[PDB]
């Protein structure tokens, strides 16, 4: 394998370490598109994890800026060379939405002084910032002729996936001093996350959970309805990634909404879902 191959392999490793679901699905893509997703995904992970000060994140942002300004120049990257070298390689062949990386970065800067979200509007704006932006960056990789609707579908999918993630992680997020449900919705449903964490679920909580799960599932259906904005090769894969991810909701239900472990979709169940999906492709 070439030096660049090694860079992409490292990007793969970061993706698979962070998400078996997304790696499971996206490693099914043809080589070229597969590798581009690894790099973009790895950059987004490095960004999301960075603060845990801002130094490295400033360096990531500066590296991304160098690539945007001078895609074909050799740069001595300040942050992670392997990842930036791969991103640069991708950017030389695809139209990367750099402002989307900057939106993600800005959101991550903001998460430092995390304050709970007043309304759902603020929560959904967060979902765009950390996840819709990722859909936007992935768009040119996963579609042939991108237009406003391609970006919109990808953005909505990203956002739904984030919401599902939040719904899986209420417990662990609370332990790390984060509550992503909005005050508006929490107060409406009469839920105190600390209280549920100490005492177990009740009917108020389950109702609030199901309110957000309803939103996620409906967005999923609307994304599926528009699957054809994506390249034919990427369609079943994107569908798969979504389906695997939405199955998480049922795992949460089957575990009775527990706030004390991370539920998951077995590897063998992921294979079943994929089989299901191709019985129509």
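Numbering follows the first chain given and starts at 1.
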| query | finding |
| --- | --- |
| Gap size, residue 53 back to residue 52 (deposited sequence, no coordinates) | 1 to 3 |
| Entry-level comparison of average CA B-factors, 145-153 and 119-127, reporting the higher stretch | 145-153 |
| Mean Cα B-factor comparison, 41-49 or 23-31, giving the higher one as deposited | 23-31 |
| Residue with highest C-alpha B-factor in the PDB entry, from 169, 111, 80, 159 | 111 |
| Within-chain third of residue 195 by Cα B-factor, per the entry | middle |
| Chain-relative CA temperature factor third for residue 243 | middle |
| Ranked against its chain, the third holding the CA B-factor of residue 264 | highest |
| CA B-factor placement of residue 253, once the chain's modelled residues are sorted into thirds | highest |
| Position of residue 189 among the chain's modelled residues by C-alpha B-factor, lowest, middle or highest third | highest |
